[PDB]
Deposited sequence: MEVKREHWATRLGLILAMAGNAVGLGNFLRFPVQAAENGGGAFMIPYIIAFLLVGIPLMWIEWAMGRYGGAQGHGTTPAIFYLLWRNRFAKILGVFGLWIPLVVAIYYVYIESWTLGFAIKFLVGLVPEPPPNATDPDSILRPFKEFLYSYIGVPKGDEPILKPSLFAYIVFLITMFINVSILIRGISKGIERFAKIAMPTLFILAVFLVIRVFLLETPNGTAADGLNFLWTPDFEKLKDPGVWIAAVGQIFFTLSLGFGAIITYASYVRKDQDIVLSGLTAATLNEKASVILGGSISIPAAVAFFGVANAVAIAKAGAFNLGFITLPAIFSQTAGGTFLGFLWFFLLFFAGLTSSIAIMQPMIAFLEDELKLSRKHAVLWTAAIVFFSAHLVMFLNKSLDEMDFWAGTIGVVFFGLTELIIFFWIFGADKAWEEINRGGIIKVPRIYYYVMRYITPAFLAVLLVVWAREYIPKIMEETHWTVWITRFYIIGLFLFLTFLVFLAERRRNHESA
């Protein structure tokens, strides 16, 4: 049984870390953190990591490597292997659907960063003057820059209008993903991680350091880190703090996307996954809390003050990353260069991720329909590139996909993979597989944390918010399409049966 396998431990680890350490860590985490009060977030975030992130990851690595040894890297096949049943194959489809759909808006956002980076380099960006009473006059220019890039509706009709440059950069971005994926796990995804992850780190640290030195009449970067890392044991009982948290742990760690599983399916039948997994997870938590957390917020707080901060977070993940930060940098020395690094950092962080959520579909086509990698890769590119047109042109199409696939879906799927592995398959058999070949071993306690805690924890979540009715008629367009994708992925699964 061929199937590719990680060339080297480090190569593996870094690919996996690149799987997780994406636009989420940098655009999304900062916003979640400052939205809920800041110090109210960092704690539930860490716990959820210990109580959900870790347990769930070891599980995915385990299911991935387990299936890998039998020729299967995706969840319709894997779910069925562990749990012989028809309903297994059907639920397994979400491990193709979620990545596919997320990939469909992700690579587009990823392409923005590239486009800004190019324009910053060449200095085709706005360079507003110094204003000490018209902050509006510094944001406005940057605000108009993004809106013109993506074609934000100026009237009403929920219709976007990408620039030719935005569209063309999307093509380039897709091409780059293909050029990487079309080389496979080691000679492609792995080769790229070894180059990209270090690069990403240095850019990240540099910006972290450089942002730390930020200081204006309105505050200091220091004040932002304080706001993030100074606890508030009050709220911490209001559990919207544990919804944002547990939920963020999924996206940030790429859990419930079928992706960790697919990558793990390349790991040799007897290679360690206990230490490797733990290492990668940790790199991710570092990249988020230290790196991601210490750039945009501390910078915004430095320029706007700590109160005008929670409001900026509430403004959304795109305002901060694509409007506010660039506006801030434009007021600091050599700030045009600071924007470039930022967007190049985001780009490489996006790229190491997008290739991860495109692999499940590619792996399925090779494993189950027996396509050549070239074909498996190009058809997946076609489906993603084609489908992304809905995201580029239809207002709030992105929000809708992000919600169903990227927010709800991952959690339900997280809970589902756990139940199939640690309950249906056999908690004991699962615990052994997870520990087999372990350079280190899983602290026993965890066995009880995945067989009862983790699943309970998730059940409570899915129950709480689920406790609690219209919306633009256009959401139904996006909902129609992605439901269509499911019907279609299900059909393909049905065809792989003979």
Seminar exercise, completed: No C-alpha coords for deposited residues 1 to 2, 471 to 476, 507 to 513
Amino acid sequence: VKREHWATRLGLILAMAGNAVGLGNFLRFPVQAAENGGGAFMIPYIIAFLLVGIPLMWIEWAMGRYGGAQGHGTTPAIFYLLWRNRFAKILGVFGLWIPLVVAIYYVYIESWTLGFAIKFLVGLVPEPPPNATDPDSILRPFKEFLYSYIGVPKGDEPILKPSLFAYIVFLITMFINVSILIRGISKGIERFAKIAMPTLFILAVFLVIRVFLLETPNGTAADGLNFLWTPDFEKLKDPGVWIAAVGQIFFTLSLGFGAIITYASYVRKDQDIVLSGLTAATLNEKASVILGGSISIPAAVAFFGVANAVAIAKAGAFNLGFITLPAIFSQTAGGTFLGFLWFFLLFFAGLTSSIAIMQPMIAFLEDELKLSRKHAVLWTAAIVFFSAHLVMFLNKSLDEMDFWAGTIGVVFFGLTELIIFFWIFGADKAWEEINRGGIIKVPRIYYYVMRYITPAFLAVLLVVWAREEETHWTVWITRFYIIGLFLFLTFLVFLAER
From here on, numbers count along this sequence of modelled residues.
Seminar exercise, completed: The stretch whose C-alpha atoms carry the larger average B-factor in the entry, 458 to 466 or 47 to 55, is 458 to 466
For this session: Decide which of the stretches 124 to 132 and 318 to 326 has the higher mean C-alpha B-factor, going by the entry.
Result: 124 to 132
For this session: Going by the CA temperature factor in the entry, name the top one among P298, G188, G95, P153.
Result: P153
For this session: Compare the CA B factors listed in the entry for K374, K235, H389, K370 and report the winner.
Result: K235
Problem set entry | Among modelled residues of the same chain, the CA temperature factor third for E400 | lowest
For this session: Divide the modelled residues of the chain into thirds by Cα B-factor and specify which third, lowest, middle or highest, holds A33.
Result: lowest
Problem set entry | Position of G437 among the chain's modelled residues by C-alpha B-factor, lowest, middle or highest third | middle
Exercise. Taking the C-alpha B-factors as the PDB entry records them, is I290 in the lowest, middle or highest third of its chain?
Worked result: middle
Exercise. Relative to the other modelled residues in the chain, which third contains the C-alpha temperature factor of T352: lowest, middle or highest?
Worked result: lowest
